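**Student:** Please see the structure below; I have some questions.
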Amino acid sequence: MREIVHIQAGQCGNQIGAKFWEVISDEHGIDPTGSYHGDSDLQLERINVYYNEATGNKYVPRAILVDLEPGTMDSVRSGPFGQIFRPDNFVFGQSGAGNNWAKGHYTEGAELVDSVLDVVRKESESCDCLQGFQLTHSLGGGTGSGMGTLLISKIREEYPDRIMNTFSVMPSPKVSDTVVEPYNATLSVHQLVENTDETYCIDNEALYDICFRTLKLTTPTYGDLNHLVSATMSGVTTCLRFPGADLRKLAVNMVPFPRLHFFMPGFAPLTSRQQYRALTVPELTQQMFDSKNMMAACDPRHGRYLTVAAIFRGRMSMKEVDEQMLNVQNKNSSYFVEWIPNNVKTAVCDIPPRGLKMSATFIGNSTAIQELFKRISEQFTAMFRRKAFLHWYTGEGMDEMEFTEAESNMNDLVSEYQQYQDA
Amino acid sequence: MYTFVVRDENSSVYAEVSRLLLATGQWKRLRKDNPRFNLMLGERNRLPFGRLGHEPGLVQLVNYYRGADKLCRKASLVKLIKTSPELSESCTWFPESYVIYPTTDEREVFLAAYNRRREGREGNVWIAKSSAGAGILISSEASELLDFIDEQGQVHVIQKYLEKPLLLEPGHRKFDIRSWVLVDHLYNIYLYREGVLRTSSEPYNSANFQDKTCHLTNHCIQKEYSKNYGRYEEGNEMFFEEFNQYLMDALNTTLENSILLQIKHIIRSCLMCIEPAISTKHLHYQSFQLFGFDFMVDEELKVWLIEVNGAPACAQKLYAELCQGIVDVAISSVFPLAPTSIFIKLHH
Amino acid sequence: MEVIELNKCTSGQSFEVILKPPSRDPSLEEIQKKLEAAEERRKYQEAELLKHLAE
Amino acid sequence: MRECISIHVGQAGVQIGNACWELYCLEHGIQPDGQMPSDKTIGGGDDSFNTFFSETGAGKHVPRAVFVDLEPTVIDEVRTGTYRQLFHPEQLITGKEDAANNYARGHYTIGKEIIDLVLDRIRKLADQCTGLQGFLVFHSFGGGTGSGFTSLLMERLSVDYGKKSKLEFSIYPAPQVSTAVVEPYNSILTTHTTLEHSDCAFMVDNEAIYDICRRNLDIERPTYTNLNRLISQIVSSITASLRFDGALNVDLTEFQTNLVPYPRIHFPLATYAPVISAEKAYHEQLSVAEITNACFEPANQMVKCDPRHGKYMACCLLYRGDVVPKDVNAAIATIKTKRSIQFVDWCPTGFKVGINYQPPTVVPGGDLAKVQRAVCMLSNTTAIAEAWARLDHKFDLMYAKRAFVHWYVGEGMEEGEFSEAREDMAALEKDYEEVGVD
Ligand SMILES: CCNC(=O)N1CCc2cc3c(c(OC)c2[C@@H]1[C@H]1OCc2c1ccc(OC)c2OC)OCO3
Ligand SMILES: Nc1nc2c(ncn2[C@@H]2O[C@H](COP(=O)(O)OP(=O)(O)OP(=O)(O)O)[C@@H](O)[C@H]2O)c(=O)[nH]1
Ligand SMILES: Nc1ncnc2c1ncn2[C@@H]1O[C@H](COP(=O)(O)OP(=O)(O)CP(=O)(O)O)[C@@H](O)[C@H]1O
Ligand SMILES: Nc1nc2c(ncn2[C@@H]2O[C@H](COP(=O)(O)OP(=O)(O)O)[C@@H](O)[C@H]2O)c(=O)[nH]1
Ligand SMILES: [Ca+2]
Ligand SMILES: [Ca+2]
Ligand SMILES: [Ca+2]
Ligand SMILES: [Mg+2]
Ligand SMILES: [Mg+2]
Ligand SMILES: [Mg+2]
């Protein structure tokens with residue numbers, strides 16, 4: 001059945017995860033009570049990828065909700081689709097993580113992680129053929145970042161032959177909660193480098209710039225940012241949720257070198273509330289490749305595409321899709337490495353997302369992503385050179401050496417991208 | 001936007017074509033190893049024809065005809081003329097030639113015909129050529145000819161030397177007529193309006209074949225072994241206008257009537273012969289190619305074909321015009337951009 | 001251009017036309033060795049991963 | 001009569017198999033329930049069609065076929081398809097987790113767990129054969145199962161059935177319908193390991209089938225169903241001699257004798273004509289000369305390449321429909337005077353011709369129009385090496401950077417196998433050039 005086990009950790013992880021399940025529950029026709037009320041059997045074809053079928057033909061998401069304080073998850077349980085989640089899959093503590101990677105990874109999180117693994121094991125055991133895991137979290141906080149990456153490490157040890165996939169929100173000073181986010185993000189990226197196969201890099205400043213510059217939102221909220229994320233998560237999981245397409249074949253074709261598995265996602269259209277105008281296939285294709293539609297705040301013209309995955313949704317001309325996709329890479333062939341032939345693959349899906357007749361989702365493995373890790377590295381070093389705010393972490397048992405190593409690991413990752421941007 | 005690649009940096013003709021293409025703003029040059037090109041200016045040797053026409057959404061065109069080497073190699077050219085019914089072994093415009101392997105071989109047939117001439121008192125002077133170039137021997141005895149071929153170590157051809165060439169006056173000197181011919185993807189044959197005569201500056205001396213400054217008209221031999229180099233014409237290059245005026249004032253005839261009709265006939269014959277073997281009509285990629293035909297005219301105003309060059313150069317004064325013509329009929333015909341034609345279409 | 005070996009039946013016929021005349025597999029054990037060798041390298045890589053995760 | 005067992009590996013092999021056996025049934029008058037009214041011998045017989053179909057006491061004609069895929073989704077369609085009645089459960093073998101487009105995963109990791117089961121299911125079919133000729137193996141080059149598991153099966157088949165012949169129908173990868181970036185790796189890995197174990201292999205480039213479907217059938221965006229119906233027509237005309245009365249290519253051994261003088265160069269080029277759209281109301285029926293002339297047009301070949309710039313080692317003409325030898329030799333004569341047909345010196349310049357009077361059968365509701373006569377040409381020409389060159393070049397581009405190599409090493413494969421397979425393809429390319437160029 002190629003089941004996927006979903007995990008959302010921390011405030012950001014649970015808020016974007018909640019929106020994700022609300023979006024795809026609507027696409028598959030599942031209501032807030034888990035009852036199916038769709039009109040197309042295409043909605044139930046691969047519904048078992050994300051949903052378990054309970055008694056009465058109810059559909060329960062295969063989702064585990066994790067946090068070190070109850071606040072954000074209480075609001076999920078009281079949210080629109082809060083009732084579709086299995087109550088047993090809410091695992092939370094009370095102390096919180098204080099935006100502290102050490103608390104999430106070493107102290108507060110360590111005390112709770114075994115409880116989470118018990119639920120993961122219960123969901124995995126009842127899988128006919130487990131594909132792997134999908135984790136939503138931020139890297140700037142404490143729970144999603146620190147306990148999220150601790151969870152990934154424990155999951156890999158118990159399921160070493162399964163695929164690990166994350167949606168990872170990268171912090172930005174433009175949309176910041178605390179000054180320590182670069183510390184938490186730098187410590188997490190190394191965990192991700194070693195223990196994930198595919199990571200969608202979602203940059204909060206990109207999301208902000210899109211809400212402000214393009215969507216014409218004067219004062220974007222986290223809710224507005226999460227609208228872009230849920231629409232993007234629906235797009236990048238379309239090929240997994242409808243006939244066509246699993247996490248391993250995606251990794252095999254998207255990841256030519258094991259460490260370079262950090263993707264830039266994109267979405268089109270993203271229109272300001274003009275929302276009724278039809279979009280032609282050429283327009284979808286140009287916007288989907290446009291930097292302004294990328295979620296990583298990286299300039300693709302500053303690097304090269306190792307691999308690209310594209311997904312077109314809606315009723316349209318596949319002939320015209322192929323033509324426009326060939327036109328993009330035939331007119332800008334300099335931005336696609338020549339040592340990976342035919343590194344752009346396109347999928348189509350007749351089911352469009354809610355509100356749009358046509359949509360295009362972009363998944364790029366570009367060397368330009370190094371600009372994201374370089375930003376984090378600079379912000380990290382600016383504080384670390386003065387050991388600023390370190391006491392929050394040494395107070396939890398960490399020592400300075402572990403920060404020096406995280407810094408070096410980050411700069412090696414940046415260098416590895418640079419060697420292929422010129423090779 | 002159209003894209004192309006350059007894989008022969010030594011090509012003077014297509015270095016200008018590349019400059020013209022870029023100068024239009026509607027063509028973009030890529031890296032020599034990028035496969036997403038519309039147009040390939042391929043290398044002279046081992047051009048990978050097998051990798052063309054397999055790029056979805058790209059009409060691909062190359063500036064060489066796969067298989068045209070049969071026409072542009074001195075050995076295989078003789079084989080082509082002797083074994084092709086269209087160009088019979090008795091065609092009147094190609095000198096009697098034989099393929100001689102130093103170490104399928106016609107060494108015995110050459111001696112037989114040599115003895116026929118040796119028996120009678122008919123002119124028995126032959127010339128030996130090969131692919132090295134840059135290696136030519138003109139002797140009256142067969143022994144000396146065959147001996148030089150075994151010492152070189154390459155496939156050669158023994159061809160009858162034109163003992164009675166047409167001599168330009170003043171000077172009493174030999175010459176050569178280069179013609180540029182363009183064949184497009186539809187296998188239209190275009191003869192460049194402008195030809196060039198490569199003339200010897202030394203007076204043709206029938207007594208001494210050792211001094212090959214008057215017998216050989218190659219521009220390289222004249223610019224290094226000729227004391228009168230550049231005396232009669234600039235760079236020993238006479239163009240059609242002057243040569244035509246000469247034929248009128250001296251021989252009371254025109255270049256078109258006395259020579260150009262035979263040239264067009266020869267060009268048409270050679271190219272029509274191999275059309276089934278090299279045409280890209282129904283092929284998954286398209287080809288065009290610029291050829292250089294070399295002709296010799298005897299004193300009876302009879303034209304003889306001596307060689308066909310598949311990667312020829314051009315005359316300095318004619319580079320601009322010809323290269324622009326290439327872009328117009330060979331490249332822009334397949335890839336249109338956004339009448340005083342310089343070519344003569346040899347219909348067939 | 002000669003036709004030779006013409007054979008006719010109710011379903012059809014076949015013949016030949018000539019235009020011109022002319023001028024140790026590995027054993028079951030050796031395969032098991034390769035398969036088992038690849039599995040050992042696969043178990044060695046996982047043990048290293050588990051050892052790394054144990055540190 | 002000697003039986004032939006068909007084996008379909010991976011998605012491409014399985015779906016092409018379903019199209020072929022559908023066509024076989026229509027050709028032999030076998031209904032979806034396995035019944036064959038024309039077969040007056042019930043429960044047995046040694047007729048020509050019994051080379052591919054066995055018989056039960058109830059009168060069911062069961063294909064001598066095995067389907068094997070490392071995931072169940074494709075074979076489950078056979079279990080529920082129109083011809084589900086045709087096969088029984090023992091013939092359909094499905095795994096749980098596919099090879100993820102990874103040769104090493106299909107060959108080593110996953111293949112090791114299921115190879116014994118497949119061989120045992122094949123032994124069952126072999127045990128009901130009075131005299132087995134060999135096997136017909138359908139698979140793709142680019143898929144992880146089609147490439148990796150096929151090469152493993154071919155090795156074991158040689159061990160268990162050393163004297164038996166093995167033929168291949170191989171799907172060569174084309175980006176227009178491609179499914180993986182690493183297909184050049186898998187193609188070269190599986191060709192290297194299968195080369196010594198295959199007596200004769202018919203490559204089909206999806207690019208050619210794709211364009212033939214767009215050009216001659218007016219299909220804007222052809223699907224696998226369109227491609228497989230056309231491929232099955234060509235497979236059908238290649239196997240017709242094994243399934244009908246005749247004297248040409250009557251057993252698998254004869255394919256090697258007539259098409260493969262040198263063992264390593266065992267990839268004949270297939271060319272088929274005519275392909276006519278069924279939506280065309282008015283269509284002028286083509287003649288014997290016209291369809292024979294079309295066998296020398298690259299646009300009709302199963303692999304795009306230029307035979308004018310290679311040399312032939314053998315040529316077979318397989319006609320179906322209203323064709324008599326007189327028309328064939330008349331068409332061949334005129335074609336030889338207009339085509340560049342160059343044979344190697346150590347081979348006779350000629351054609352082995354086979355005619356089956358029954359015109360090609362077309363699947364009702366399909367895309368191919370009914371025609372009065374068709375032909376498939378099987379020519380072993382060095383020009384097909386252009387497909388190796390293309391493939392080896394893509395391999396060289398990626399492997400020079402070691403791109404994606406870690407996926408294969410991670411499954412237990414050694415990096416050295418990459419270079420060994422590439423070195424074997426390098427020798428293969430030079431063998432073709434040594435045979436076809438002067
Ligand atoms: C049967 C699947 N068919 C298929 O066309 N695709 C292409 C697009 C796509 C997009 C997805 C996705 C996918 O997989 C579930 C796929 C798959 C996948 O598998 C082959 C493949 C894939 C992705 C990229 C590739 O190359 C760069 C590639 O190589 C051919 O999940 C997230 O968004
Ligand atoms: N002609 C044709 N080609 C196919 C078909 N199915 C897949 N292919 C081609 O086969 C290649 C992919 O190999 P598959 O057969 O799908 O993979 P597989 O053998 O199932 O192995 P896995 O990796 O385990 O899925 C691609 O090049 C496809 O274009 C088909 O039905 N017809
Ligand atoms: N059969 C023949 N009869 C008379 N003169 C001949 C001849 N063959 C060659 N020549 C003379 O020898 C010269 C060299 O001959 P050829 O054209 O084969 O050399 P080449 O390859 O250097 C010319 P290009 O530089 O155009 O390729 C000719 O220009 C001609 O003057
Ligand atoms: N896009 C998005 N980002 C968020 C949201 N909530 C917090 N963040 C970001 O996540 C980081 C803070 O981590 P958070 O999830 O709140 O801490 P945690 O609960 O310990 O995991 C900061 O970079 C915030 O900008 C949200 O709802 N949406
Ligand atoms: Ca506690
Ligand atoms: Ca019977
Ligand atoms: Ca054998
Ligand atoms: Mg918070
Ligand atoms: Mg020359
Ligand atoms: Mg498969």
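Chain labels A, B, ... are given in the sequence in which chains occur in the structure tokens; within each chain residues are numbered consecutively from 1, and ligands are likewise numbered from 1 in the order shown.
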When you look at residue 312 of chain D with a cut-off of 10 Å (counting only C-alpha atoms), what residues show up, excluding the ones that are within fewer than 6 positions of it in the same chain? I need them as a PDB file with N, CA, C and O atoms, in the first residue's frame.
**Tutor:**
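Listed below is the output, around.pdb:
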```
ATOM      1  N   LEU D 259      19.984 -14.731 -38.210  1.00  0.00           N
ATOM      2  CA  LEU D 259      20.129 -13.321 -37.892  1.00  0.00           C
ATOM      3  C   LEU D 259      21.404 -12.965 -37.142  1.00  0.00           C
ATOM      4  O   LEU D 259      21.709 -11.773 -37.029  1.00  0.00           O
ATOM      5  N   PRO D 268      19.167  -7.605 -33.798  1.00  0.00           N
ATOM      6  CA  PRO D 268      18.620  -7.272 -35.116  1.00  0.00           C
ATOM      7  C   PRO D 268      17.714  -6.052 -35.051  1.00  0.00           C
ATOM      8  O   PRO D 268      17.005  -5.819 -34.066  1.00  0.00           O
ATOM      9  N   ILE D 341      22.349  -0.786 -49.863  1.00  0.00           N
ATOM     10  CA  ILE D 341      22.283  -2.046 -49.131  1.00  0.00           C
ATOM     11  C   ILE D 341      23.648  -2.708 -49.269  1.00  0.00           C
ATOM     12  O   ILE D 341      23.930  -3.384 -50.265  1.00  0.00           O
ATOM     13  N   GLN D 342      24.503  -2.512 -48.271  1.00  0.00           N
ATOM     14  CA  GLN D 342      25.864  -3.031 -48.274  1.00  0.00           C
ATOM     15  C   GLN D 342      25.965  -4.162 -47.262  1.00  0.00           C
ATOM     16  O   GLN D 342      25.718  -3.956 -46.068  1.00  0.00           O
ATOM     17  N   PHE D 343      26.320  -5.350 -47.739  1.00  0.00           N
ATOM     18  CA  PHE D 343      26.575  -6.490 -46.874  1.00  0.00           C
ATOM     19  C   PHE D 343      28.064  -6.598 -46.571  1.00  0.00           C
ATOM     20  O   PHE D 343      28.910  -6.186 -47.369  1.00  0.00           O
ATOM     21  N   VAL D 344      28.381  -7.151 -45.398  1.00  0.00           N
ATOM     22  CA  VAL D 344      29.769  -7.469 -45.100  1.00  0.00           C
ATOM     23  C   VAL D 344      30.266  -8.495 -46.117  1.00  0.00           C
ATOM     24  O   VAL D 344      29.491  -9.292 -46.662  1.00  0.00           O
ATOM     25  N   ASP D 345      31.578  -8.478 -46.374  1.00  0.00           N
ATOM     26  CA  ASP D 345      32.138  -9.316 -47.435  1.00  0.00           C
ATOM     27  C   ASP D 345      31.955 -10.803 -47.161  1.00  0.00           C
ATOM     28  O   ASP D 345      31.696 -11.576 -48.091  1.00  0.00           O
ATOM     29  N   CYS D 347      29.575 -12.473 -46.041  1.00  0.00           N
ATOM     30  CA  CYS D 347      28.160 -12.841 -45.945  1.00  0.00           C
ATOM     31  C   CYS D 347      27.516 -12.737 -47.320  1.00  0.00           C
ATOM     32  O   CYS D 347      27.858 -11.832 -48.100  1.00  0.00           O
ATOM     33  N   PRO D 348      26.592 -13.640 -47.650  1.00  0.00           N
ATOM     34  CA  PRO D 348      25.895 -13.531 -48.937  1.00  0.00           C
ATOM     35  C   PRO D 348      24.889 -12.391 -48.919  1.00  0.00           C
ATOM     36  O   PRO D 348      24.183 -12.175 -47.931  1.00  0.00           O
ATOM     37  N   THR D 349      24.834 -11.653 -50.023  1.00  0.00           N
ATOM     38  CA  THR D 349      23.870 -10.568 -50.169  1.00  0.00           C
ATOM     39  C   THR D 349      22.531 -11.165 -50.588  1.00  0.00           C
ATOM     40  O   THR D 349      22.366 -11.588 -51.736  1.00  0.00           O
ATOM     41  N   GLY D 350      21.577 -11.211 -49.663  1.00  0.00           N
ATOM     42  CA  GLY D 350      20.295 -11.812 -49.977  1.00  0.00           C
ATOM     43  C   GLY D 350      19.294 -11.592 -48.865  1.00  0.00           C
ATOM     44  O   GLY D 350      19.577 -10.940 -47.857  1.00  0.00           O
ATOM     45  N   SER D 379      16.692  -7.049 -39.861  1.00  0.00           N
ATOM     46  CA  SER D 379      18.002  -6.889 -40.473  1.00  0.00           C
ATOM     47  C   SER D 379      19.036  -6.664 -39.382  1.00  0.00           C
ATOM     48  O   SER D 379      18.865  -5.785 -38.528  1.00  0.00           O
ATOM     49  N   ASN D 380      20.100  -7.461 -39.406  1.00  0.00           N
ATOM     50  CA  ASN D 380      21.206  -7.288 -38.469  1.00  0.00           C
ATOM     51  C   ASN D 380      22.205  -6.355 -39.140  1.00  0.00           C
ATOM     52  O   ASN D 380      23.037  -6.772 -39.946  1.00  0.00           O
ATOM     53  N   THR D 381      22.098  -5.067 -38.823  1.00  0.00           N
ATOM     54  CA  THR D 381      22.947  -4.029 -39.391  1.00  0.00           C
ATOM     55  C   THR D 381      23.763  -3.366 -38.293  1.00  0.00           C
ATOM     56  O   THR D 381      23.279  -3.183 -37.169  1.00  0.00           O
ATOM     57  N   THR D 382      25.005  -3.006 -38.625  1.00  0.00           N
ATOM     58  CA  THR D 382      25.860  -2.323 -37.663  1.00  0.00           C
ATOM     59  C   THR D 382      25.329  -0.943 -37.306  1.00  0.00           C
ATOM     60  O   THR D 382      25.748  -0.375 -36.293  1.00  0.00           O
ATOM     61  N   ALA D 383      24.417  -0.392 -38.112  1.00  0.00           N
ATOM     62  CA  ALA D 383      23.918   0.953 -37.846  1.00  0.00           C
ATOM     63  C   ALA D 383      23.225   1.037 -36.493  1.00  0.00           C
ATOM     64  O   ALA D 383      23.158   2.119 -35.896  1.00  0.00           O
ATOM     65  N   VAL D 435      33.192  -4.136 -37.912  1.00  0.00           N
ATOM     66  CA  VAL D 435      32.440  -4.941 -38.865  1.00  0.00           C
ATOM     67  C   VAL D 435      31.804  -4.094 -39.965  1.00  0.00           C
ATOM     68  O   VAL D 435      31.644  -4.570 -41.092  1.00  0.00           O
ATOM     69  N   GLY D 436      31.444  -2.846 -39.672  1.00  0.00           N
ATOM     70  CA  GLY D 436      30.651  -2.068 -40.606  1.00  0.00           C
ATOM     71  C   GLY D 436      31.359  -0.938 -41.328  1.00  0.00           C
ATOM     72  O   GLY D 436      30.814  -0.381 -42.286  1.00  0.00           O
TER      73      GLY D 436
END
```
**Student:** Using only C-alpha atoms and a distance of at most 8 Å, pull out the residues of chain A that contact chain D, as a ChimeraX atom specification.
**Tutor:** /A:129,248-249,252-253,255-258,318-319,338-343,345
**Student:** For those residues, write N, CA and C atoms to a file as a tab-separated table (two decimals), in the first residue's frame.
**Tutor:**
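selection_5.tsv written:
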```tsv
chain	number	residue	atom	x	y	z
A	129	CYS	N	2.91	-1.82	3.61
A	129	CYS	CA	4.24	-1.62	3.02
A	129	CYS	C	4.61	-0.15	3.24
A	248	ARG	N	10.93	6.83	-2.58
A	248	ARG	CA	12.27	6.37	-2.94
A	248	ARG	C	12.60	6.68	-4.39
A	249	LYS	N	11.68	6.43	-5.32
A	249	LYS	CA	11.92	6.79	-6.71
A	249	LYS	C	12.11	8.29	-6.86
A	252	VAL	N	15.65	8.85	-5.71
A	252	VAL	CA	16.61	8.27	-6.64
A	252	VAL	C	16.84	9.21	-7.82
A	253	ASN	N	15.79	9.87	-8.29
A	253	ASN	CA	15.90	10.75	-9.44
A	253	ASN	C	16.24	12.18	-9.07
A	255	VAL	N	18.20	13.12	-6.16
A	255	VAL	CA	19.38	13.27	-5.30
A	255	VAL	C	20.58	12.56	-5.93
A	256	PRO	N	21.42	13.26	-6.70
A	256	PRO	CA	22.59	12.60	-7.29
A	256	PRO	C	23.73	12.40	-6.32
A	257	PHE	N	23.80	13.17	-5.24
A	257	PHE	CA	24.83	13.01	-4.21
A	257	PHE	C	24.12	13.04	-2.86
A	258	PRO	N	24.45	12.13	-1.94
A	258	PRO	CA	23.56	11.91	-0.78
A	258	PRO	C	23.33	13.14	0.07
A	318	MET	N	-1.51	17.95	-22.33
A	318	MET	CA	-0.21	17.36	-22.02
A	318	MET	C	0.78	17.63	-23.14
A	319	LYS	N	0.32	17.61	-24.39
A	319	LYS	CA	1.17	18.00	-25.50
A	319	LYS	C	1.75	19.39	-25.26
A	338	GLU	N	24.99	20.03	-17.48
A	338	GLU	CA	25.01	19.20	-18.67
A	338	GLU	C	25.42	17.76	-18.39
A	339	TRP	N	25.97	17.47	-17.21
A	339	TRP	CA	26.43	16.13	-16.89
A	339	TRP	C	25.35	15.27	-16.25
A	340	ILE	N	24.10	15.72	-16.25
A	340	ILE	CA	22.96	14.87	-15.91
A	340	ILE	C	21.93	15.01	-17.02
A	341	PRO	N	21.95	14.15	-18.03
A	341	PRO	CA	21.02	14.30	-19.15
A	341	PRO	C	19.57	14.21	-18.68
A	342	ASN	N	18.71	14.98	-19.35
A	342	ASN	CA	17.27	14.92	-19.15
A	342	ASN	C	16.91	14.93	-17.67
A	343	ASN	N	17.46	15.91	-16.95
A	343	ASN	CA	17.30	16.01	-15.51
A	343	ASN	C	16.01	16.72	-15.09
A	345	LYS	N	11.88	16.29	-15.10
A	345	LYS	CA	10.79	15.33	-15.27
A	345	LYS	C	9.48	15.98	-14.86
```
**Student:** Only residues of chain B matter here; which ones have an atom within 8 Å of chain A, counting only C-alpha atoms? Give them as JSON, numbers by chain.
**Tutor:** {"B": [1, 30, 33, 34, 36, 37, 56, 57]}
**Student:** Counting only C-alpha atoms and all ligand atoms, which protein, DNA or RNA residues come within 6 Å of ligand 6, given as a list in words?
**Tutor:**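 Written in the requested form, the residues are residues 39, 41, 42, 44 and 45 of chain D.
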**Student:** Within 8 Å of ligand 4 (counting only C-alpha atoms and all ligand atoms), which residues show up? I'd like them as a ChimeraX atom specification.
**Tutor:** /A:9-16,67-69,96-101,104,137-146,169-172,175-178,181,202-204,207,222-223,225-226,229
**Student:** With a distance cut-off of 12 Å and only C-alpha atoms, select the neighbouring residues of residue 275 of chain A, excluding the residue or stretch itself and same-chain residues fewer than 2 positions from it, and output the selection as a VMD selection string.
**Tutor:** chain A and resid 215 269 to 273 277 to 279 355 to 358
**Student:** For N, CA, C and O atoms, I'd like the residues from the last selection saved as a compact mmCIF listing (two decimals), in the first residue's frame.
**Tutor:**
```txt
# COMPACT_ATOMS: atom_id res chain seq x y z
N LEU A 215 1.22 38.87 -3.35
CA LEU A 215 -0.17 38.75 -2.93
C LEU A 215 -0.76 40.05 -2.41
O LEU A 215 -1.96 40.11 -2.14
N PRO A 269 -0.43 29.16 -9.92
CA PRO A 269 -0.27 30.59 -9.67
C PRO A 269 -0.39 30.94 -8.19
O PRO A 269 -0.91 30.15 -7.41
N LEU A 270 0.09 32.12 -7.82
CA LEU A 270 -0.16 32.72 -6.51
C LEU A 270 -0.65 34.14 -6.77
O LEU A 270 0.16 35.04 -7.01
N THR A 271 -1.96 34.32 -6.74
CA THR A 271 -2.60 35.55 -7.17
C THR A 271 -3.23 36.29 -5.99
O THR A 271 -3.72 35.67 -5.04
N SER A 272 -3.22 37.61 -6.07
CA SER A 272 -3.84 38.44 -5.05
C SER A 272 -5.36 38.43 -5.21
O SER A 272 -5.89 38.35 -6.32
N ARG A 273 -6.05 38.51 -4.08
CA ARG A 273 -7.51 38.50 -4.07
C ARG A 273 -8.06 39.89 -4.34
O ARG A 273 -7.94 40.41 -5.45
N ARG A 277 -9.34 34.67 -13.30
CA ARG A 277 -8.79 34.63 -14.65
C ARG A 277 -8.14 33.28 -14.94
O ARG A 277 -7.37 32.76 -14.13
N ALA A 278 -8.46 32.72 -16.10
CA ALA A 278 -7.86 31.46 -16.52
C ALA A 278 -6.37 31.65 -16.82
O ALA A 278 -5.93 32.71 -17.27
N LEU A 279 -5.60 30.59 -16.59
CA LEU A 279 -4.16 30.61 -16.81
C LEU A 279 -3.80 29.61 -17.89
O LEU A 279 -4.16 28.43 -17.81
N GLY A 355 -10.14 25.85 -5.80
CA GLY A 355 -10.09 27.25 -6.18
C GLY A 355 -9.42 27.56 -7.50
O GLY A 355 -9.56 28.68 -7.99
N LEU A 356 -8.70 26.60 -8.09
CA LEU A 356 -7.96 26.84 -9.31
C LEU A 356 -8.32 25.79 -10.35
O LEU A 356 -8.51 24.62 -10.03
N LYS A 357 -8.42 26.23 -11.61
CA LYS A 357 -8.61 25.28 -12.71
C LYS A 357 -7.30 24.60 -13.08
O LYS A 357 -7.32 23.44 -13.53
N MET A 358 -6.18 25.28 -12.91
CA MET A 358 -4.87 24.75 -13.25
C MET A 358 -3.86 25.22 -12.22
O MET A 358 -3.97 26.32 -11.67
```
**Student:** Per residue of chain C within 12 Å of ligand 7, what are the shortest atom pair and its distance in Å to one decimal, counting only C-alpha atoms and all ligand atoms, with rows by chain and residue number, as a Markdown table?
**Tutor:**
```
| residue | atom | partner | partner_atom_place_in_ligand_line | distance |
| --- | --- | --- | --- | --- |
| C:24 | CA | ligand 7 | 1 (Ca) | 8.4 |
| C:25 | CA | ligand 7 | 1 (Ca) | 6.8 |
| C:26 | CA | ligand 7 | 1 (Ca) | 10.1 |
| C:27 | CA | ligand 7 | 1 (Ca) | 11.8 |
```
**Student:** Go ahead and dump the residues you just picked, C-alpha atoms, as a tab-separated table (two decimals), in the first residue's frame.
**Tutor:**
```
chain	number	residue	atom	x	y	z
C	24	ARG	CA	31.69	-20.82	-19.72
C	25	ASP	CA	28.58	-19.46	-18.04
C	26	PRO	CA	28.96	-18.92	-14.27
C	27	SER	CA	27.85	-21.78	-12.05
```
**Student:** Neighbours of segment 40-49 of chain C within 7 Å (only C-alpha atoms; same-chain residues fewer than 2 positions away dropped), as a PyMOL selection string?
**Tutor:** (chain C and resi 36-38+51-53) or (chain D and resi 410-412)
**Student:** Set the distance at 8 Å and use only C-alpha atoms: which residues neighbour residue 406 of chain A once local chain neighbours fewer than 6 positions away are removed? I'd like the list as a ChimeraX atom specification.
**Tutor:** /A:186-187,190
**Student:** Next, dump the selected residues to file, keeping only C-alpha atoms, as a JSON list (two decimals), in the first residue's frame.
**Tutor:**
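again_32.json, freshly written:
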```
[["chain", "number", "residue", "atom", "x", "y", "z"],
["A", 186, "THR", "CA", 22.61, 25.50, 12.16],
["A", 187, "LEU", "CA", 22.49, 22.61, 14.64],
["A", 190, "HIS", "CA", 23.65, 19.01, 10.10]]
```
**Student:** Would you mind listing, as a list in words, all residues of chain D that have at least one atom within 9 Å of chain B, where only C-alpha atoms are what counts?
**Tutor:** residues 174, 175, 176, 207, 297, 298, 299, 304, 305, 306, 308, 309, 338, 339, 340, 383, 385, 386, 387, 389, 390 and 393 of chain D
